[PDB]
Structures are given as C-alpha cells and as structure tokens.
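First, one chain by itself in structure tokens, the form deposited in one PDB entry.
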C-alpha cells in the first residue's frame, strides 16, 4: 500500500528536488509523491514517474497554473487525496527508513512538526510536516492560511513558516529532531556561539537532514557540515536506487505507454472544446495544441497531462511540420479560425473532425470526416480511436 509524500518547487530547483526525491526513494518503497510546481517540464515527470511506479508508487504533477494560486504548501489539501501526507522541503536528504514517521498518529492535531534549530528558534520548522490532510481540507486550512497572509505578511519575519506558526500555535504535536535535523543551522550556531549544537552526534546519520539557510551544500563554497552527503545522493544514478529494490524483490510494472495516435489543433482562443476531457479519456493519444501567441492558463495548465504538448508562440512552418507528423486534425477551437490549418490539412490529405459547435462557418460538411455531439463527447472519443491500427 502507498504512503503519500509532497514536495513543492519550481524548475530552477530541479537539482535539489530531484536529489531530495532520490534520497527518499533510496530508503523507502511505495511512495506516492505529489510535486507541486509551476514550470517543471513534462518529459521530467514522464521519466521520474516510471521509476516511482517501478518501486510500487507514483508521481503526481500538481500544476499551480491559474489565478486561484512561493506559498505552494498552502495548496496541499487542494491536490492531495489521502488523509495523511508528509510535506518535505527540497533542500534536504533522507538517510533511512521513515516508517515510524509515516505511521505516527496525529490525533486531533492539524500537523506534526519539529522545533526550529534544536530549540534556538521560535516555533517549529516548516520543512517537514506530517499533515492531517483530511482536517486541512474539511476545515478550509488553505483559505485560512491565505487570508492570514493577506492580513499581515510584512509584520512577520520568515515567510510562510511564520504564518503556519502564527495559525497553528499549540495545535500541533511534535516530531523528534532527527526527522528535521537542521544541520544548515551550523553557520548561525557558530554565529551565536551555541557550542553544544556541534556536540550532537551525527553518527548514525539522522533520518532527515535539512540544509537550511543561504549556506547550501550544493553551492561552490559551503561551511556547514555534512556537505558530502548531499553530493552522494545528487550524483547517484536512478538505476542504483532501483537495483537495490529489484534485488529485494520489490519491482512493479510501469506504464511507459506509447501513443497510438497523433492529434493536432491550432487555436487562437483560450477555449478548446472538451480538450481536458479528451486528454484524460485518451491517455494513448498525444494531443498537440498550437498557438501563434501567448496562451491563457486554461490551456497552459494542460501540462498536467502526460499526453498533451502545448506550443505557445509557434509559427506556420512549425505548425506545418506538426500537421505532416500527425494522424488527425481536431477542429476544436472556438472563436476566429486560423486558415493555415485547413491549408495544411488539405495539402497533406489529413482527416479532420469537429464538434457541432466548433465547425468552420466559411466551410462545408465534406471537409469533416465526422461532426460529433459536444454534449456527448464519448462519441468523439470512439471516433478518434477508430483511426488507430
């Protein structure tokens, strides 16, 4: 059975994130990792998802694209479905079996959280949270965290960590220091002459190393201890991690599914009739959605699907190569139709289909191999599948 973990980071931190995830996975099978992000490319998710699945888990691309949306942590209950989830920062390393941490009862607590810097900071450290997702959702904790941040964000040193403290004061149980061992405090410890911090044993290795502060181990120069450990995981090939688990008979089939069809549309509108439904309904079809300008969030968010490539600011000749490379044109876009498409559809004799509300006004029913009901799009799903061999 699957244990739920969540990270949040943009593509600029993909090296840290991937590493955090590598360490985690090294020592823990059956992980359903949810990754909140905005800009991480989809080829990365396709490949890493294969590995997670092979270890009896999964990888969920949670796109924070839309006006309703770094304070990504806040949105955890909007994406995560299980009752309990572990949030983890990306500037950190997992050194062993986290069973205890996973299997811990929160009771009526909103979350479990370790103290800031071994007792030196106020409150708890936000970098490891065993979260009661059921209660975060069913108590509207997301919107509460949002509204608390509008009301006073300046009056609070330390970002969303201070806000999570300010809301959950005395409403959290507490994790031991080794499940969020803030080795990155070293520079601050040394700064404030906290001599006994350097006396804490680093053998055996703490279960979670959290390299807080600006003094990061992956930088050129770092003064903090355990710099060498981050690099062990960062430079570890995924095949090392996997062969460990395929040595101890923990091996599952992936879903590296290949496409049985290549579909394309060119749009000059945010609205592409049933594109989301068609995407989820046809995993085996790569949809190519092209534009000549910037795209609105409703389309950019299609990055969440493994099987949809989106092309903002393309050009006619690039569209043309896609049409050549395609099996089927889907005439789904609403407002102004762009002529270049019909041109290329005729030119390379490409079949075309549409919905009753997305047909061209300045065109005729022989141009379409079928016109399908936009309120019964499963009929379009069956039509599309009929072009597969």
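Residue numbers count along the first chain shown, from 1.
Absent from the display: the form deposited with a small molecule bound. The rest refers to it.
- Contact check for 28, 54 and 247: none of the three has a heavy atom within 4.5 Å of the small molecule in the deposited bound form.
- Picking from 77 to 85, 212 to 220, 133 to 141, 287 to 295 the stretch near the small molecule in the deposited bound form, with a 4.5 Å limit on heavy atoms, gives 212 to 220.
- Residue 262 falls outside the set of residues with a heavy atom inside 4.5 Å of the small molecule in the deposited bound form.
- Among heavy atoms of residue 13, some come within 4.5 Å of the small molecule in the deposited bound form.
- The small molecule in the deposited bound form is not approached by residue 273, whose heavy atoms all lie more than 4.5 angstroms from it.
- Residue contact with the small molecule in the deposited bound form: residue 90 places a heavy atom within 4.5 Å of it.
- Of the candidates 47, 70, 68, 357, 70 is the one whose heavy atoms come within 4.5 Å of the small molecule in the deposited bound form; the others do not.
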